[PDB]
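Undergrad: Chains A and I, in that order, give the protein sequences.
Here the first sequence stands for residues 165 to 264, numbered as in the deposited numbering.
Here the second sequence stands for residues 215 to 264, numbered as in the deposited numbering.
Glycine included, C-beta positions come from ideal geometry on N, C-alpha and C.
Structure incoming, see below.
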Amino acid sequence: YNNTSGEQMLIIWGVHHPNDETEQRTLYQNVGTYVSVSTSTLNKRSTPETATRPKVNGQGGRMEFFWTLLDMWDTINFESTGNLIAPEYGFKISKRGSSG
Amino acid sequence: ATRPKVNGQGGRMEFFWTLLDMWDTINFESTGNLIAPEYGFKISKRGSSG
Ligand SMILES: *[C@@H]1O[C@H](CO)[C@@H](O[C@@H]2O[C@H](CO)[C@@H](O[C@@H]3O[C@H](CO)[C@@H](O)[C@H](O)[C@@H]3O)[C@H](O)[C@H]2NC(C)=O)[C@H](O)[C@H]1NC(C)=O
C-alpha cells in the first residue's frame with residue numbers, strides 16, 4: 165500500500181499461531197512460515213510457532229495482533245508464506261484532539 | 215526480505231550499543247552480516263550535560 169490520504173493511517177494486522185502441525189499444514193500447506201511487515205521505519209518478521217496451548221474457547225492456536233502507523237506516503241509491504249491475517253481496512257485518523 | 219526502497223537500498227542496518235563495565239571481555243562472533251566496531255568509545259568522565 166502507498167499512503168494517499170494525507171494523515172497517519174493506523175494499519176492493524178495479525179498472525180495466527182496454530183495449535184497443530186496438521187492444522188498448520190491444512191491451513192497453509194507449508195511450515196517454517198514467516199510474516200514480514202515493513203514500512204519506512206518499521207520492520208517486523210514474526211515467525212508463527214505451532215505448539216500445544218491450553219484449550220481456550222475450543223481453540224489452541226492464537227492470534228497475535230500488531231498495529232502500526234503509516235505516517236506520510238510511507239508505503240507498507242506485507243509479505244508472507246502463510247499465517248498472515250491481513251487488514252482490508254486501514255483506519256485513517258480524521259483529526260487530532262483531546263479524548264479519553 | 216523485500217523492504218521499501220529507501221535511498222535505493224532495501225536492506226537495513228540494525229545498530230546496538232552496549233557498555234563494557236570493568237574488565238568485561240566482549241566476544242563478537244559471526245558467520246556474516248556483522249558490522250564490527252573498530253572504535254570503542256571510552257567515557258572520560260561523569261558529569262552533567264544535555
Ligand atoms: C507512492 O509513494 C511515494 C513514496 O516515495 C510517494 O512519494 C512521491 O513519489 C514521487 C515519485 O514516485 C515524487 O513525486 C515527485 O514530485 C515532484 C514535485 O515537483 C516532481 O518534480 C517529480 O517529478 C515527482 O513527480 C515524490 O517523491 C512524492 N510525491 C509527492 C511528495 O507529492 C507518492 O506520492 C506515492 N503515490 C501516491 C500517493 O499516489
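In its own chain, which residues sit with a C-beta less than 6 Å from the C-beta of residue 166/A, not counting the 5 before and 5 after it?
TA: 239
Undergrad: Within the segment 186-259 of chain A, note down every full beta strand (DSSP E) run reaching 3 residues or more, in order along the chain.
TA: 199-202, 207-210, 226-234 and 241-244
Undergrad: Are residue 154/A and residue 205/A touching if we call contact CB-CB under 8 Å?
TA: What the structure shows of chain A is the stretch from 165 to 264, and residue 154/A is not part of that stretch, so it cannot be assessed.
Undergrad: Taking 8 Å as the threshold (C-beta atoms), are residue 228/A and residue 179/A in contact?
TA: yes
Undergrad: Could you check the C-alpha separation between residue 199/A and residue 187/A for me, to the nearest Å?
TA: 18 Å
Undergrad: Any beta carbon from chain A within less than 8 Å of residue 232/I's own beta carbon?
TA: no
Undergrad: Can you list, in chain order, the residues of its chain with a C-beta nearer than 6 Å to that of residue 226/A? Leave out the 5 residues immediately preceding and following it.
TA: 181
Undergrad: Whole angstroms is fine: what's the gap from residue 218/A's alpha carbon to residue 260/I's?
TA: 51 Å
Undergrad: Taking residue 241/A as the query, report the chain I residues whose CB atoms sit under 8 Å from its CB, ordered along the chain.
TA: 216, 217 and 218
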